[PDB]
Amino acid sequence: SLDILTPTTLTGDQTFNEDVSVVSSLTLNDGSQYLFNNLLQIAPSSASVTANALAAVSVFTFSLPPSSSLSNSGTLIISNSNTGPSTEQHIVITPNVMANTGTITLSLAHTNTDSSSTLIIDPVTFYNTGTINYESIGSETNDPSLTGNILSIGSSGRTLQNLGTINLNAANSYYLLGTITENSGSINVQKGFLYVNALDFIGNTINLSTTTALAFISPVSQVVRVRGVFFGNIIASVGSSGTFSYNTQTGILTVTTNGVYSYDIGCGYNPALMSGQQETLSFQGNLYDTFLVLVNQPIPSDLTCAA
């Protein structure tokens, strides 16, 4: 219905009850509320949508509700320059279908936790062969360790077909609540901690940067592929009385608390250098005893396992 065929810039709050097809570039400025209630189609790859929150205002909402559908082969940027402990934002991407073969970038200046913000990616169906980014354009410090403003991906019982890349590079923490699938996908934890509380975790590789962490709140039956493991990061597993073992032939790290967690970290690690310790983590406002594994060594030069 609404077709953007020439570079367009719109001002103020926007509520799209029509299907929106963008083949050029659409820019949304000076609005505290951007709503796409039906189709939002961005194609071909050179097309783009950029939603800029109104500056120096209290609340910001970007919404793709369950009535909507997202089909992006170009570039969708959601940017909010508002920052500070009183910031309230609601970036709620919950379309019936979320199909991305291009780039989606969440670019926020308010990345600290708070009491009231929501950052949600939880459609019914999730399809990503491109790149989804969460980046910071702020400089906030002194996080209050609250439960709001934590990017939460998926939900219990729904799946996420991640054939491409999810880049997490903005905040102290992120939550993965849905079931990831597809063998080619990667989740890159470039800053902060990733907490996983999901029914299963299939196919993807979790790549940890330095001074990041992966924490599984509940064990999954799948072996979880994690790469980048070295003295700069850790894998945490919820539960008390933690023990662990590393198999040099398969490259699999097995952690046992009250449940069994299995991580494929690669071959080449020396198990005699590894150690573990009990700590306490916070997840969705509750404290959990957690067993941490520190490999205490660099990434091996060759991660391949013997046949």
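The first residue of the sequence shown is number 1, and the count goes up from there.
- When the mean C-alpha temperature factors of 171-179 and 97-105 are read from the deposited coordinates, 97-105 comes out higher.
- Checked against the record, the higher mean CA B factor of 107-115 and 71-79 lies with 71-79.
- In this PDB entry, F16 carries a Cα temperature factor that places it within the highest third of its chain's modelled residues.
- When the modelled residues of the chain are ordered by their C-alpha B factor, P219 lands in the middle third.
- Ranked by Cα temperature factor within the chain, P85 sits in the middle third according to the deposited record.
- When the CA B factors of the chain's modelled residues are split into thirds, the value for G164 lands in the middle one.
- The deposited CA B-factor of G228 belongs to the middle third of values across its chain.
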